[PDB]
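Enquirer: Can you keep this structure in mind? I'll have questions shortly.
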Amino acid sequence: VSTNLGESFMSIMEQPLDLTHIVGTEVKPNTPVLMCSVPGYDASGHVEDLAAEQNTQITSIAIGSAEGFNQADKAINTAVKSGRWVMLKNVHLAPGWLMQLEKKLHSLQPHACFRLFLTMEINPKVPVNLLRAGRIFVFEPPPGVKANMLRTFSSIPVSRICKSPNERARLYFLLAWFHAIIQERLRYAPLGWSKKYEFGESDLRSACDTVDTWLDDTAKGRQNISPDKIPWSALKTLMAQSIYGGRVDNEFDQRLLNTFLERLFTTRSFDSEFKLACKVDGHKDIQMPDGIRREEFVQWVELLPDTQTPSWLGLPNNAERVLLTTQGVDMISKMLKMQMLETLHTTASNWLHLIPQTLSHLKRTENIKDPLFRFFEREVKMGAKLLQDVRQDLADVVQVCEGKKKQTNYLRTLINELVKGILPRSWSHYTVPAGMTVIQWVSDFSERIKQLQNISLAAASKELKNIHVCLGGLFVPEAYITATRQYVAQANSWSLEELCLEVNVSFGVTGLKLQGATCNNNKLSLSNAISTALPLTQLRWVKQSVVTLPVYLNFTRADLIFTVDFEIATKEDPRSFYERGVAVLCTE
Amino acid sequence: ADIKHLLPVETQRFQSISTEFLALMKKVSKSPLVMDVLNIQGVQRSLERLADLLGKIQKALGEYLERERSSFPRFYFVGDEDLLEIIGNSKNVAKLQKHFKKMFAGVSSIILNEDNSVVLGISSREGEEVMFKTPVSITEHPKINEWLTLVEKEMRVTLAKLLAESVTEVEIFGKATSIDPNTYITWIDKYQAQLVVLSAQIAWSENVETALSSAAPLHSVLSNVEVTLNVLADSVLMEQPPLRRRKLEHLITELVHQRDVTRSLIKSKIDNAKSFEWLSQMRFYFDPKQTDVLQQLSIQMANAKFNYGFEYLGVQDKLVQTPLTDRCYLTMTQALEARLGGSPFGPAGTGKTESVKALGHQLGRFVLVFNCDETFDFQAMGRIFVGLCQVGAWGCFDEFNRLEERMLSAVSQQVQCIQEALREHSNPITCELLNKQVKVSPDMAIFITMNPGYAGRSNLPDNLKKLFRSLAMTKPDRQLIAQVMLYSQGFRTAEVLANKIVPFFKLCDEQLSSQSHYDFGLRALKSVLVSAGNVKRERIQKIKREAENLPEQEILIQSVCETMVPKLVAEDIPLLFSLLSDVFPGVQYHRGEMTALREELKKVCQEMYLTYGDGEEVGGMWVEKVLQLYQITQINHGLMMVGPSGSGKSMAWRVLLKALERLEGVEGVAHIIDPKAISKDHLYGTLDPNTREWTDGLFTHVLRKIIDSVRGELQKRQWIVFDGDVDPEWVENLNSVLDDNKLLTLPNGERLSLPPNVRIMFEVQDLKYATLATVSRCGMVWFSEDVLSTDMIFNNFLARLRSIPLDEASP
Ligand SMILES: Nc1ncnc2c1ncn2[C@@H]1O[C@H](COP(=O)(O)OP(=O)(O)OP(=O)(O)O)[C@@H](O)[C@H]1O
Ligand SMILES: Nc1ncnc2c1ncn2[C@@H]1O[C@H](COP(=O)(O)OP(=O)(O)O)[C@@H](O)[C@H]1O
Ligand SMILES: [Mg+2]
Ligand SMILES: [Mg+2]
């Protein structure tokens, strides 16, 4: 597109939105300013600050009650008669009022300098009539670190940064860079962050306010501060425990936030040539600017290259590959949709006959004091119950599709679920990653059934400690871990409270897979590969650098089982390991 | 005054019914005999007409209630009926003692004299009393709002003066390394619990500040704190009165928190008081040279300074200052400094509402807890907000996410108005709420409690999310809270017991079978520890009936079994027993010693045509399940007899109620309410959008009858059973009843406290729809399907065939 229509065709989209000129010139008075926002982002502050800058008056009404509707009608009438502005917040909660709002907007001729601002989340309930009527604006997290810092510096007023002392500009630049990194990391979930936190503009406002407060506390009107006298510890602790650490759930995410803060908020006491990150491993780094002024920092921000790798964020370079490929094929599908405008039950029965050949039966293996034996007994019992229910349902579906059986309510619901291809609610007993399809769920079920058959045959003949277990094929793996701990404690007459875990690559656990790392003689090393398969993990319970890694139940990293400890290599860095999101998975 | 001018027809009706009641009292004083009183015909019709006219007068007189509320700020927290009773009984005075619990934080009653014309002081619900320095005189005949404002101001001044005297006394204690337990105990008995804890905090803060002003002084401070903790433990290890035991427990908790903080400070090297390692901790400062007695104490945090509200809180419960609680205090304090409301969130049972309440009590501020539901409208929210604005208290809205998204967005405007008013106050200040200007006190605070993803609850709008500082809290310090609470109750191996009981619950939560009625979290742990303390005190009393050493392991295992065994299915009993035997090698177990209740249960079962068992007979499982239900009535509040239909869980609690009546001599009354036969609106009550009048639902009306106790309901034993299936549509309105608050909040704003003789029970069948916030607050009694064997039903049918003839010796 650059070589077809000029290199500056999409350059204005990376810049912050200039709402003042667009509102003052482009928008007709009878056209409402529709301002859609993605969830987690609010656009009310933009209009409030715009009206403050333009020295106008706005009646902000929160839509959602009858007196709110009456106040909105009165304010709209008064603004049409006089010429002020009217803002209605959260209008997506009343399409049945938005319709006649649109009708009364087109039925009236307003004053010249009158604009109506409608703020709503991106929802299908918004009337298409109002969407065609108004001027649509979408509000999204800015794309790219450069655009994020540009938006931050445009949001922060100049008079706030330029106040004494002179280190406030550098501190604000550091804060903007930190906010840009930790807001850009949300896109590459779950590697960047284990959850989708709402690191919005309110956190940035609170961080700027606390930076101003602590700098004013430290400096009694002095023109400059030595870099050793800045409250670095106060800023780090307060932003890790109150502002940005408020929404942090996991200890691993808290550790990542602490690593980022301790790496970014010392700068070797404002020393020159401070490396912000490592863009490319081969002879490429991002350097802290040496300037002292806000204008110099803005000029440095605008001089950032248009290219951007995920390694700017501390993530591995291949973190954006799958998402970027999916976005490309989505664009292709969108274009195919654009140029598009310019029995079944026999196959269902064939699929139902195809699936159940991978499932045959299951034993049951009932009075023993061995914790491992009772754990495997209850696991085998649950698996046998699930297998019996699934096989009976499959046979009933085969009969009602071709045979002598009528369709009941439950059978019809199962038919609908199986035709749509999603998992029925009855079969979903154990954990499933983010709603996997029935095609993969049947294969996972077959693997679990085969593993439980192997366990039952081993228990039919201690003879149970020597088996190798796949951690991803169990209904509950934390129960297996606690059963192993109980077994070793009862066998060696120890105390359950004073037992720790050691990892070697005397219990064998299989199926554990790394994420962006490799193992060699029980020494971790960073790798550019997406995942590496650990051949066999050995667990030894004993009474009494090194990194701590999570062992997540699936690729979504929504369930935590236990934490491992692995020896790091002689050349790597635990901070790099925490920043790149190295974790361990048990299934894939 | 000027009653006759505003309501002429109402005053005419009042005069008519006054003449009718004068005739009634004349004719009842003419003849004192009840038969002679009943001799007059038409007395029932006259009473009906009088009641109807009284109801009409009360209904049409309600417009003056808001005007009366406008004068005294605390009047917003009481209902129409009891506010009218307060206004009518203004000269009665002695009747108002039962209505101060809603007006004040901990003032359950006030102290008067024989002349009933001067207020000597105030008293809490636990017998703690505050003697006023200068009593307020009603002999001047002021108005009710005037002398209530005077008594509130005098209470605050008296609390400040007592705190100043107490902190001077503690300062003269702390100058010596060795301390006298007799003098310490006399000081503890001299000063109230809140002031004692405050004085200890101020003394420790001043000592650490002087040490950091300057190694050796910090070591001296830590040594003094350790010596004080040793004296505390030695004094708790022996027999104590209940109130003094609670004061000693609060002191133990705060002193062990201070010891932990000082040890953390001395582990690193701190040289100046401006270091953030010391500024991040909660600090207290007292200035004796300050002229204003109210502003003598300043409470500080990281760049956030607060004054003490000096609101009387009675005794209450002090939390354990875990590091998570410290982080929560820091976050909420920063939010309050930035004039933003706080909003902790997370799974239920992590201690959010209690953390907010503990912070509000630490700052000495009135806190109100509302379990808001879908019926909390904009008008109700505005009413409680203007009440909070006038009184200058805190709000602790629990379960904010179930608030009808459009109404949530509407409430966001009022919240923003409050924030703007507070920021204007931070630099005759008012804000517009419900189209009215209301005075806003600087002591404002609005707090939000959320459990995202609970039962598909609604989500906040972004303009409301930006007004609240979020705080994630998911894993509380279970080991620390268990250790501190056990050491506070008094246990030689307290640390060992906590380190054995916390990983036991961690193992038991993920080893047992996955059932929908299982809790193994912080609420269950706290219930187990409280039961352990109570049973340890009971065992000590039983032994001393005949110092010494006691089997603390046996006591803890007995409490664990007593609280956790009944909720288990038949499969999980051997698993939990093996887990207990693995955690505690010399564990052992015992039960029984309930011969009187057992034999009376046998008598009632034989009377009502049941089958009995001695423990191993045909009825033994049902009998021991009844005994387990009795134990959980003893040690719990909310009960849930879970089990399949046909497990005898109705006859079990019926025969238990009858047997308990036969033992204690206290008559038992049972109310059976079906929550699904009627709608939620009819069950709890309606709020009319036209005129803000609140009618009574079934459960609310039953609770009001029990509270009012016209026919002597506090003396009896009232049991409310919800015979129906459970779902978070209606049961989430009871999560404050089953909490530490023990009260029910209505949309009209009034608070219905729960009397100690009422247990709220359920007779549910399945738990496939209730949430963890409901399952956590109740103690399960799992009635398995094998509890009621079929031969028991056969014998019951045969007995009912042999007796009770069908056409009800006879043929
Ligand atoms: N201990 C007992 N001995 C003999 N018969 C009993 C006993 N307990 C209950 N029954 C019989 O069981 C019948 C049903 O028991 P109950 O009324 O307690 O119901 P339930 O288990 O609470 O069931 P639901 O949940 O369906 O209301 C009673 O009518 C009674 O005849
Ligand atoms: N630090 C603590 N010290 C003492 N008790 C605590 C502490 N934290 C939590 N608890 C107890 O755990 C329970 C948690 O309830 P909570 O989660 O506050 O209710 P809600 O879910 O309505 O906020 C409370 O009853 C409280 O007594
Ligand atoms: Mg709560
Ligand atoms: Mg029943």
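Note on naming: chains are A, B, ... as they come in the structure tokens, residues start from 1 per chain, ligands start from 1 in the order shown.
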Name all residues at most 6 Å from range 638-643 of chain B (count only C-alpha atoms; drop same-chain ones fewer than 2 positions away) and give them as a PyMOL selection string.
Expert: chain B and resi 760-765+778-784
Enquirer: Give the helix (DSSP H, G or I) residues of range 14-243 of chain A, as DSSP finds them on the backbone, and put them as a PyMOL selection string.
Expert: chain A and resi 14+19-26+44-54+66-82+91-93+95-106+128-133+145-155+158-161+168-184+201-218+232-243
Enquirer: Take the selection from the previous step and output its residues with C-alpha atoms, as a tab-separated table (two decimals), in the first residue's frame.
Expert:
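Written out: out01.tsv:
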```
chain	number	residue	atom	x	y	z
A	14	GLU	CA	-0.29	6.07	14.16
A	19	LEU	CA	-10.40	15.51	18.28
A	20	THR	CA	-10.47	19.33	18.45
A	21	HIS	CA	-10.36	20.09	14.72
A	22	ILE	CA	-12.62	17.16	13.79
A	23	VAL	CA	-15.29	18.21	16.28
A	24	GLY	CA	-15.02	21.92	15.47
A	25	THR	CA	-15.07	21.59	11.67
A	26	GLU	CA	-16.08	18.16	10.35
A	44	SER	CA	-15.12	10.20	28.64
A	45	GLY	CA	-11.90	11.82	29.84
A	46	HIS	CA	-10.94	12.83	26.30
A	47	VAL	CA	-14.12	14.85	25.83
A	48	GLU	CA	-13.95	16.27	29.36
A	49	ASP	CA	-10.39	17.52	28.79
A	50	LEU	CA	-11.34	18.77	25.31
A	51	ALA	CA	-14.19	20.84	26.78
A	52	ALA	CA	-11.88	22.09	29.53
A	53	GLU	CA	-9.35	23.17	26.89
A	54	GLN	CA	-12.03	24.83	24.74
A	66	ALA	CA	-35.80	7.26	33.88
A	67	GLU	CA	-34.65	10.46	35.59
A	68	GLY	CA	-31.49	10.10	33.52
A	69	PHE	CA	-33.62	10.05	30.37
A	70	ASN	CA	-35.54	13.12	31.56
A	71	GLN	CA	-32.30	14.97	32.38
A	72	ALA	CA	-30.89	14.02	28.97
A	73	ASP	CA	-34.01	15.34	27.21
A	74	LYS	CA	-33.94	18.60	29.18
A	75	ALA	CA	-30.22	19.10	28.55
A	76	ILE	CA	-30.58	18.35	24.83
A	77	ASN	CA	-33.44	20.85	24.52
A	78	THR	CA	-31.50	23.52	26.43
A	79	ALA	CA	-28.36	22.93	24.35
A	80	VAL	CA	-30.29	23.09	21.07
A	81	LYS	CA	-31.93	26.35	22.15
A	82	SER	CA	-28.76	27.93	23.58
A	91	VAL	CA	-25.86	4.77	25.87
A	92	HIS	CA	-25.54	1.10	24.84
A	93	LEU	CA	-27.83	0.14	27.75
A	95	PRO	CA	-31.49	0.99	22.37
A	96	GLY	CA	-35.22	1.50	22.97
A	97	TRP	CA	-34.36	5.07	23.95
A	98	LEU	CA	-31.59	5.54	21.38
A	99	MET	CA	-34.13	5.02	18.58
A	100	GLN	CA	-36.31	8.00	19.44
A	101	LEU	CA	-33.18	9.95	20.40
A	102	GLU	CA	-32.06	9.50	16.79
A	103	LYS	CA	-35.54	10.40	15.53
A	104	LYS	CA	-35.76	13.57	17.63
A	105	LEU	CA	-32.23	14.48	16.54
A	106	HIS	CA	-33.20	14.37	12.87
A	128	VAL	CA	-28.06	0.69	13.07
A	129	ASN	CA	-30.16	3.83	12.54
A	130	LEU	CA	-28.15	5.74	15.15
A	131	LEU	CA	-24.90	4.24	13.85
A	132	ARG	CA	-25.70	5.58	10.37
A	133	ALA	CA	-26.84	8.89	11.88
A	145	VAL	CA	5.24	1.38	21.69
A	146	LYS	CA	5.93	4.54	19.67
A	147	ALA	CA	2.23	5.38	19.30
A	148	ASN	CA	1.58	4.47	22.94
A	149	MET	CA	4.21	6.90	24.21
A	150	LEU	CA	3.03	9.53	21.72
A	151	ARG	CA	-0.51	9.22	23.10
A	152	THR	CA	0.82	9.36	26.68
A	153	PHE	CA	2.86	12.52	26.04
A	154	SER	CA	-0.06	14.13	24.21
A	155	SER	CA	-2.33	13.32	27.16
A	158	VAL	CA	3.37	20.35	29.10
A	159	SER	CA	3.06	22.59	32.18
A	160	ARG	CA	2.98	19.52	34.43
A	161	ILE	CA	6.24	18.08	33.07
A	168	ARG	CA	10.75	15.21	36.31
A	169	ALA	CA	10.90	15.01	32.51
A	170	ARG	CA	13.18	11.96	32.61
A	171	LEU	CA	11.03	10.34	35.30
A	172	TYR	CA	7.90	10.93	33.19
A	173	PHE	CA	9.68	9.45	30.17
A	174	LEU	CA	10.59	6.35	32.20
A	175	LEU	CA	7.00	6.04	33.43
A	176	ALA	CA	5.63	6.39	29.89
A	177	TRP	CA	8.06	3.75	28.60
A	178	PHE	CA	7.08	1.37	31.41
A	179	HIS	CA	3.37	1.92	30.77
A	180	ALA	CA	3.83	1.41	27.03
A	181	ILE	CA	5.69	-1.87	27.56
A	182	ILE	CA	3.20	-3.32	30.05
A	183	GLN	CA	0.24	-2.25	27.92
A	184	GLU	CA	1.75	-3.67	24.73
A	201	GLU	CA	-5.21	5.35	31.56
A	202	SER	CA	-6.36	5.61	35.19
A	203	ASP	CA	-3.27	3.69	36.33
A	204	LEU	CA	-1.08	6.06	34.33
A	205	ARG	CA	-2.82	9.08	35.87
A	206	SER	CA	-2.32	7.69	39.38
A	207	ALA	CA	1.34	6.91	38.65
A	208	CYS	CA	1.93	10.44	37.35
A	209	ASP	CA	0.19	11.87	40.42
A	210	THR	CA	2.30	9.81	42.83
A	211	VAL	CA	5.51	10.70	40.95
A	212	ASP	CA	4.60	14.38	41.28
A	213	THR	CA	3.76	13.95	44.97
A	214	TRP	CA	6.98	12.12	45.86
A	215	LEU	CA	9.15	14.50	43.82
A	216	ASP	CA	7.52	17.47	45.56
A	217	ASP	CA	8.10	15.77	48.91
A	218	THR	CA	11.79	15.15	48.17
A	232	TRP	CA	13.37	5.09	43.71
A	233	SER	CA	12.41	2.58	46.40
A	234	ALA	CA	9.25	4.52	47.25
A	235	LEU	CA	8.19	4.75	43.60
A	236	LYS	CA	8.93	1.07	42.93
A	237	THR	CA	7.14	-0.21	46.03
A	238	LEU	CA	4.11	2.04	45.55
A	239	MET	CA	3.67	1.21	41.86
A	240	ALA	CA	4.21	-2.50	42.57
A	241	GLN	CA	1.76	-2.72	45.48
A	242	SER	CA	-0.88	-0.02	44.90
A	243	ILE	CA	-1.17	1.31	41.34
```
Enquirer: Could you tell me how far CA of residue 352 in chain B sits from atom 24 (C, counted along the ligand's line) of ligand 2, in Å to one decimal place?
Expert: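 If I compute the distance from atom 24 (C, counted along the ligand's line) of ligand 2 to CA of residue 352 in chain B, I get 8.0 Å.
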Enquirer: Up to 8 Å from chain B, what residues of chain A turn up? Count only C-alpha atoms and give them as number ranges by chain.
Expert: A: 39-42, 44, 61-65, 68, 90, 93, 202, 233-234, 241-243, 245-249, 478-479, 482-483, 486, 490, 495-497
Enquirer: Next, dump the selected residues to file, keeping only C-alpha atoms, as a PDB file, in the first residue's frame.
Expert:
```
ATOM      1  CA  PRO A  39     -14.189  -2.919  26.848  1.00  0.00           C
ATOM      2  CA  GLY A  40     -11.618  -1.798  29.387  1.00  0.00           C
ATOM      3  CA  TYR A  41     -11.110   1.570  27.659  1.00  0.00           C
ATOM      4  CA  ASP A  42     -13.086   4.739  28.390  1.00  0.00           C
ATOM      5  CA  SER A  44     -15.123  10.204  28.636  1.00  0.00           C
ATOM      6  CA  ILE A  61     -25.566  12.474  32.011  1.00  0.00           C
ATOM      7  CA  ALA A  62     -25.182   8.785  32.844  1.00  0.00           C
ATOM      8  CA  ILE A  63     -27.828   6.984  30.791  1.00  0.00           C
ATOM      9  CA  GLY A  64     -29.614   4.102  32.493  1.00  0.00           C
ATOM     10  CA  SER A  65     -32.521   5.465  34.535  1.00  0.00           C
ATOM     11  CA  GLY A  68     -31.487  10.098  33.519  1.00  0.00           C
ATOM     12  CA  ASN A  90     -23.093   4.507  28.462  1.00  0.00           C
ATOM     13  CA  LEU A  93     -27.833   0.140  27.748  1.00  0.00           C
ATOM     14  CA  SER A 202      -6.357   5.612  35.193  1.00  0.00           C
ATOM     15  CA  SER A 233      12.411   2.578  46.401  1.00  0.00           C
ATOM     16  CA  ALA A 234       9.251   4.524  47.251  1.00  0.00           C
ATOM     17  CA  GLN A 241       1.759  -2.718  45.481  1.00  0.00           C
ATOM     18  CA  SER A 242      -0.878  -0.015  44.904  1.00  0.00           C
ATOM     19  CA  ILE A 243      -1.175   1.309  41.343  1.00  0.00           C
ATOM     20  CA  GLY A 245       0.068  -4.257  41.337  1.00  0.00           C
ATOM     21  CA  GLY A 246      -3.533  -3.720  42.374  1.00  0.00           C
ATOM     22  CA  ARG A 247      -4.873  -5.807  39.490  1.00  0.00           C
ATOM     23  CA  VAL A 248      -2.119  -8.453  39.603  1.00  0.00           C
ATOM     24  CA  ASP A 249      -3.345 -11.890  40.707  1.00  0.00           C
ATOM     25  CA  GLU A 478      -2.687 -31.827  42.210  1.00  0.00           C
ATOM     26  CA  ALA A 479      -4.263 -34.862  43.876  1.00  0.00           C
ATOM     27  CA  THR A 482      -0.326 -34.624  47.163  1.00  0.00           C
ATOM     28  CA  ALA A 483      -0.744 -38.414  47.031  1.00  0.00           C
ATOM     29  CA  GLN A 486       1.624 -38.458  51.420  1.00  0.00           C
ATOM     30  CA  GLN A 490       4.009 -42.236  55.337  1.00  0.00           C
ATOM     31  CA  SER A 495       6.212 -34.773  58.546  1.00  0.00           C
ATOM     32  CA  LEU A 496       4.062 -33.550  55.661  1.00  0.00           C
ATOM     33  CA  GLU A 497       4.677 -29.877  56.478  1.00  0.00           C
TER      34      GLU A 497
END
```
Enquirer: Name each residue within 6 Å of ligand 2, counting only C-alpha atoms and all ligand atoms, as a ChimeraX atom specification.
Expert: /B:319-322,348-354,481,522-523,740
Enquirer: Output N, CA and C atoms for every residue in that selection, as a short mmCIF file (atom, residue, chain, number, x, y, z; two decimals), in the first residue's frame.
Expert:
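Just written: result29.cif:
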```
data_model
loop_
_atom_site.label_atom_id
_atom_site.label_comp_id
_atom_site.auth_asym_id
_atom_site.auth_seq_id
_atom_site.Cartn_x
_atom_site.Cartn_y
_atom_site.Cartn_z
N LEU B 319 -8.58 -8.15 63.37
CA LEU B 319 -8.01 -9.07 62.40
C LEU B 319 -6.53 -9.29 62.67
N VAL B 320 -5.98 -10.30 62.00
CA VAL B 320 -4.56 -10.60 62.06
C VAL B 320 -3.87 -9.84 60.93
N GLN B 321 -2.88 -9.02 61.28
CA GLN B 321 -2.23 -8.14 60.31
C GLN B 321 -1.26 -8.96 59.46
N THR B 322 -1.84 -9.66 58.49
CA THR B 322 -1.05 -10.39 57.51
C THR B 322 -0.41 -9.41 56.53
N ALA B 348 -14.59 -15.36 46.96
CA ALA B 348 -15.20 -15.18 48.27
C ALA B 348 -14.44 -15.94 49.34
N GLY B 349 -14.28 -15.31 50.50
CA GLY B 349 -13.59 -15.92 51.62
C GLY B 349 -12.16 -15.49 51.82
N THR B 350 -11.69 -14.48 51.10
CA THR B 350 -10.32 -13.99 51.26
C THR B 350 -10.21 -12.82 52.23
N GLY B 351 -11.31 -12.40 52.84
CA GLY B 351 -11.26 -11.35 53.83
C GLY B 351 -11.20 -9.95 53.26
N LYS B 352 -12.22 -9.57 52.49
CA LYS B 352 -12.30 -8.24 51.89
C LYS B 352 -13.16 -7.29 52.72
N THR B 353 -14.40 -7.69 53.00
CA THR B 353 -15.30 -6.87 53.81
C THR B 353 -14.74 -6.66 55.21
N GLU B 354 -14.19 -7.72 55.80
CA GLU B 354 -13.60 -7.59 57.13
C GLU B 354 -12.33 -6.75 57.10
N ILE B 481 -2.18 -16.24 59.98
CA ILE B 481 -3.41 -15.98 60.73
C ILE B 481 -3.68 -17.11 61.73
N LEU B 522 -10.65 -19.98 54.22
CA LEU B 522 -10.34 -19.20 55.40
C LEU B 522 -11.49 -19.18 56.40
N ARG B 523 -12.73 -19.17 55.90
CA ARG B 523 -13.87 -19.18 56.81
C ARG B 523 -13.96 -20.48 57.59
N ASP B 740 -19.96 -12.23 59.79
CA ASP B 740 -19.70 -11.67 61.11
C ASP B 740 -20.69 -10.56 61.44
#
```
Enquirer: State, in Å with one decimal place, the distance from CA of residue 686 in chain B to CA of residue 768 in chain B.
Expert: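 One can read the CA of residue 686 in chain B to CA of residue 768 in chain B distance as 28.5 Å.
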Enquirer: Counting only C-alpha atoms, which of A:227, A:401, A:355, A:435 gets nearest to residue 343 in chain A?
Expert: A:401
Enquirer: Counting only C-alpha atoms and all ligand atoms, what residues are within 9 Å of ligand 4, given as a compact mmCIF listing (two decimals) with N, CA, C and O atoms, in the first residue's frame?
Expert:
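Okay, out-v6.txt is ready:
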```
# COMPACT_ATOMS: atom_id res chain seq x y z
N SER B 645 -33.62 -36.47 48.51
CA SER B 645 -34.97 -36.48 49.07
C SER B 645 -35.30 -37.87 49.61
O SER B 645 -35.38 -38.84 48.86
N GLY B 646 -35.48 -37.95 50.93
CA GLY B 646 -35.74 -39.22 51.57
C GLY B 646 -34.62 -39.67 52.48
O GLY B 646 -34.36 -40.87 52.61
N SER B 647 -33.94 -38.71 53.10
CA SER B 647 -32.85 -39.01 54.03
C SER B 647 -33.19 -38.64 55.47
O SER B 647 -32.30 -38.65 56.32
N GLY B 648 -34.44 -38.33 55.76
CA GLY B 648 -34.84 -38.04 57.12
C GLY B 648 -34.37 -36.72 57.66
O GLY B 648 -34.34 -36.53 58.88
N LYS B 649 -34.02 -35.77 56.80
CA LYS B 649 -33.47 -34.50 57.25
C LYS B 649 -34.54 -33.52 57.70
O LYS B 649 -34.19 -32.42 58.14
N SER B 650 -35.82 -33.87 57.60
CA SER B 650 -36.89 -33.09 58.22
C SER B 650 -37.19 -33.59 59.62
O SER B 650 -37.21 -32.81 60.58
N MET B 651 -37.42 -34.90 59.74
CA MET B 651 -37.66 -35.51 61.05
C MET B 651 -36.45 -35.37 61.95
O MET B 651 -36.61 -35.28 63.18
N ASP B 723 -37.18 -24.49 53.34
CA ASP B 723 -37.46 -25.79 52.74
C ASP B 723 -37.64 -25.61 51.24
O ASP B 723 -38.75 -25.56 50.71
N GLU B 763 -33.04 -26.67 54.05
CA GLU B 763 -33.31 -28.09 53.87
C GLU B 763 -33.18 -28.44 52.40
O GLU B 763 -34.06 -29.09 51.82
N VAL B 764 -32.08 -28.00 51.79
CA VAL B 764 -31.86 -28.15 50.35
C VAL B 764 -31.62 -29.60 49.99
O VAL B 764 -31.40 -30.45 50.86
N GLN B 765 -31.66 -29.90 48.69
CA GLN B 765 -31.42 -31.23 48.16
C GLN B 765 -30.12 -31.32 47.38
O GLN B 765 -29.29 -32.19 47.66
```
Enquirer: Neighbouring residues of residue 491 in chain B were defined as those with any atom within 12 Å, considering only C-alpha atoms; residues of the same chain fewer than 3 positions away were excluded. Please report them as a VMD selection string.
Expert: chain B and resid 233 to 234 236 to 238 482 to 488 494 to 498 529 532 to 533 536 to 537 549 to 553 555 to 556
Enquirer: Write out as an MDAnalysis selection string which residues come within 12 Å of residue 449 in chain A when counting only C-alpha atoms, dropping same-chain ones fewer than 3 positions away.
Expert: chainID A and resid 358:363 379:388 390 442:446 452:456 473:475
Enquirer: Could you tell me how far atom 22 (O, counted along the ligand's line) of ligand 1 sits from CA of residue 766 in chain B, in Å to one decimal place?
Expert: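 Those two atoms sit 12.7 Å apart.
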Enquirer: Let's see if you can do this: from backbone DSSP, list all strand (DSSP E) residues in range 97-158 of chain B, as a list in words.
Expert: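 Here are the strand (DSSP E) residues of range 97-158 of chain B: residues 109, 110, 111, 118, 119, 120, 121, 122, 123, 129, 130, 131, 132, 133, 134, 135, 136 and 137 of chain B.
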Enquirer: Could you name the residues that touch residue 520 in chain A at 12 Å or less, counting only C-alpha atoms, but leaving out those on the same chain fewer than 2 positions away, as a VMD selection string?
Expert: chain A and resid 504 to 505 517 to 518 522 to 527 532 534 to 535 566 to 569
Enquirer: Using only C-alpha atoms and all ligand atoms, which of B:679, B:230, B:12, B:355 sits nearest ligand 3?
Expert: B:355
Enquirer: What's around range 205-208 of chain B at 10 Å? Count only C-alpha atoms, leave out sequence neighbours fewer than 6 positions away in its own chain, and write the answer as number ranges by chain.
Expert: B: 171, 174, 199, 214, 217-218, 220-222, 224, 258, 262, 265, 273, 278, 281-286
Enquirer: Using only C-alpha atoms, which of the listed residues (A:469, A:33, A:86, A:530) sits closest to residue 59 in chain A?
Expert: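 The closest residue to residue 59 in chain A is A:86.
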